[PDB]
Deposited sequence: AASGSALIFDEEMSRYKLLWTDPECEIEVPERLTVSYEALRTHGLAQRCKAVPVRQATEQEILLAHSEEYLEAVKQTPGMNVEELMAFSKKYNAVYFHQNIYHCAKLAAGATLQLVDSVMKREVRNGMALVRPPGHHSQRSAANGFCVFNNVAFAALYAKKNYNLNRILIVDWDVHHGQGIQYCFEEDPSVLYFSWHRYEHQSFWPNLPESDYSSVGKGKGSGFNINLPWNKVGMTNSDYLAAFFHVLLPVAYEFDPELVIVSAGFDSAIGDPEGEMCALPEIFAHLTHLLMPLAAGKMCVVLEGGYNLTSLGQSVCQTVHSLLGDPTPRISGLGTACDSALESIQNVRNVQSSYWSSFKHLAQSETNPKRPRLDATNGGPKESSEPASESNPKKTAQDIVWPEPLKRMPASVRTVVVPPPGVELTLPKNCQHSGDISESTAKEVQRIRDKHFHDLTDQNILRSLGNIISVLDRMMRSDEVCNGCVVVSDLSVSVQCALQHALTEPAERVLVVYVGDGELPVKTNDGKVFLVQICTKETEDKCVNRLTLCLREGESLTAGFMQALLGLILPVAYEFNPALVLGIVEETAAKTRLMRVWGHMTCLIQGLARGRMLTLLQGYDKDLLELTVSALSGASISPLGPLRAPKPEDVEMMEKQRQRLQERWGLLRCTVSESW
């Protein structure tokens, strides 16, 4: 399977600029490209990507998305002087032309096609194109908002034609609406377009009625256009994550795309003068991370906007860091989305309830200057994953996993058995030595990121893992338990949150436990994913653990969702996760190690519908927990 990350960039795309006074376009400058590539170099990220050369898009490639009349017109701009270039530009809204912009527009588009080919040919796993001019405002016969040709639209149309793809997802996280992409695919159910964007009740450029949440697509495309308008500025990390957990991700995992393309404008970041939002550069590590289990990791990230040179470089690095599989930064201070964002989210979920199973329960009453801290260092672990199979069993491990007891650790095991345990089963005592050794190599280390240990006795293993973690000290521990019965886990001090997926319906009592009893049958997969995206991840992100403890008891239908969970759960605690598997199951063990190690997750297939019984259970959990954990909210709360 595919390995690295493509980086596509050429200096030539910085060789056009604005040649006259125009306050509407002053902000789009060649330095955006130079600063972003130079920040990737500074952080050692460009050196770790496969450089793929740019090329020109061909005439027939441009005609996939644009009219002969418009291409013929743009083709004449290289021969124009400044007066003619100014006259030509004024025919369009917020765009300038330059003798070299037609050349550069061909390169930005070809650069995007190069990335698609590298990913679809399995030459790389994923990649990013750093291009100018941007694309997503560009239309069939018009330049618009700095865009000449619609780079990302090309990518989807090209991938449809040349790879016979039937489902492509486009995520536009630029702060502006990509109306050029919306128009291109508005009737096409094979391309799912998602956009959030500063809107302010249509007072913000481009000032379009059809940028609102009620534009869902047309004809056979109904439901495959998703607009989330931001009606106030200052949106934060919590607003962006709420948008992902409660709108985009549920639909994207149900759609099950074969390719993901990101219209990656970083004018949605803190400090940007166009966006005026407040999200930290670190959030793009998580927006990237949360999408990577789709389409077997096949993701093409295409630069659009972003005008604060500092804000821009940091966000580009956080994105490539994530494409490279480096550990995600911890996001602190998360909570409820603001009221305007909850209104936008609840309105889009309601209008989309006719088209997506994650929202269908909503349709019937029966079912209800600017500064900020520099991002910290993200170093990939020497060995990413450590595994301790049962004694004897050697396994075929990925190149970045490794088998594991020191004299010091042996003394600690004896101390613990002497005070707290009596037990002499010499292998469930080797268990404890392995748990303590692997945890020490996770926390007080830097060399290892996560690990998986097979165990016999859950209660002493869990207790030893949990207690050793707490005194390390890891401030908070998220525990994810698949199984029944009660663990030696205390949730009465705030330092532990326990998620439990079980078979017997348990009444929860306090707001530090989430207990999900999902029914038996075919819909267990969709129900689990709905719970993961809409309940588990919101709470876990708000909790912000320093360690994730996963626990599976011996008794297998979740063996189809476990990979997605352990991939997504690595967005917490910088990927520091210890998974305890009770008993040897080679498939589950190999899958756990696969996902812990950063390998691609196999797709689920287009998702069925969850049972209404399960959706009712999940929304009762949300109602019970969302006052404590506001990131769970996907509606505006009632005022007194």
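J.: Where along the deposited sequence are residues missing from the model?
T.: Gaps vs deposited seq, in order: 369-398, 435-436, 454, 589-591.
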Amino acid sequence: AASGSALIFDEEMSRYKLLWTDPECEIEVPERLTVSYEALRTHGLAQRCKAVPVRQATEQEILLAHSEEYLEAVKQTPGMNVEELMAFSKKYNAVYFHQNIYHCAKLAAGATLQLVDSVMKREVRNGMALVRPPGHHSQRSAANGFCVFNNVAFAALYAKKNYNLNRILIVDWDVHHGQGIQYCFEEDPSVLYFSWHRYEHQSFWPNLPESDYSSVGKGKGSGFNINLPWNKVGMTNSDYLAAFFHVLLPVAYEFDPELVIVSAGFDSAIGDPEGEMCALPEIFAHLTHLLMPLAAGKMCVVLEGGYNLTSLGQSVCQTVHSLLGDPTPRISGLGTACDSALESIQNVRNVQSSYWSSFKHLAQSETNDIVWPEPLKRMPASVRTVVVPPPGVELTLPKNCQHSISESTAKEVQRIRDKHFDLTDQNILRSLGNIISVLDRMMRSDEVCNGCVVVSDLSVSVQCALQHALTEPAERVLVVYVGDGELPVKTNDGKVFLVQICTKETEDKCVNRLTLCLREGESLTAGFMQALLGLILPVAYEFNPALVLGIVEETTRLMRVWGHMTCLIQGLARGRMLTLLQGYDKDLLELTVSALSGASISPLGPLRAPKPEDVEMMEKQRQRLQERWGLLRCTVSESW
From here on, numbers count along this sequence of modelled residues.
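Here the rigid core means the biggest group of C-alpha atoms that line up within 1.5 Å when the two forms are laid on top of each other.
J.: Do the Cα atoms of 598-606 stray more than those of 574-582 in 4 other deposited structures of this protein, or is it the other way round, with the core held fixed?
T.: Taking the RMS over all superposed structures in 4 other deposited structures of this protein, 598-606 lies farther out.
J.: After fitting on the rigid core, which stretch moves more in 4 other deposited structures of this protein, 356-364 or 247-255, going by C-alpha RMS?
T.: Larger mean C-alpha displacement, comparing 356-364 and 247-255 in 4 other deposited structures of this protein, is found in 356-364.
J.: Could you find out if residue 556 - modelled in this structure - is missing from at least a third of the other PDB entries compared that contain residues on either side?
T.: Residue status for residue 556: gap in at least one third of the other entries.
J.: So residue 472 is built in this one, but is it left out in a third or more of the other compared PDB entries that include its neighbours?
T.: Comparison shows residue 472 kept in all of the other entries.
J.: Select between 523-531 and 158-166 the stretch whose C-alpha atoms have the higher average B-factor in the entry.
T.: Comparing averages over the C-alpha atoms only gives 523-531.
J.: Mean CA B-factor: is it higher for 355-363 or for 221-229?
T.: The recorded data point to 355-363.
J.: Kindly indicate the residue among 106, 132, 444, 136 with the greatest C-alpha B-factor in the PDB record.
T.: That would be 444, according to the entry.
J.: Highest Cα B-factor in the deposition, which of 98, 349, 415, 75?
T.: By C-alpha B-factor in the record, 415 ranks first.
J.: Comparing against every modelled residue in the chain, figure out the third that the C-alpha B-factor of residue 114 lands in (lowest, middle or highest).
T.: Ranked within chain, residue 114 CA B lands in the middle tercile.
J.: So where's residue 250 on the chain's Cα temperature factor ranking, which third?
T.: For residue 250, the deposited C-alpha B-factor lands in the lowest third.
J.: Place residue 617 in the lowest, middle or highest third of its chain's C-alpha B-factors, as listed in the PDB entry.
T.: As the PDB entry reports it, the C-alpha B-factor of residue 617 lands in the middle third of its chain.
J.: For the chain shown, is the CA B-factor of residue 309 in the lowest, middle or highest third of its modelled residues?
T.: CA B-factor rank for residue 309: highest third.
J.: Hey, what third does residue 345 fall into on Cα B-factor, ranked over its chain?
T.: Within its chain, residue 345 is a lowest-third residue by C-alpha B-factor, going by the deposited values.
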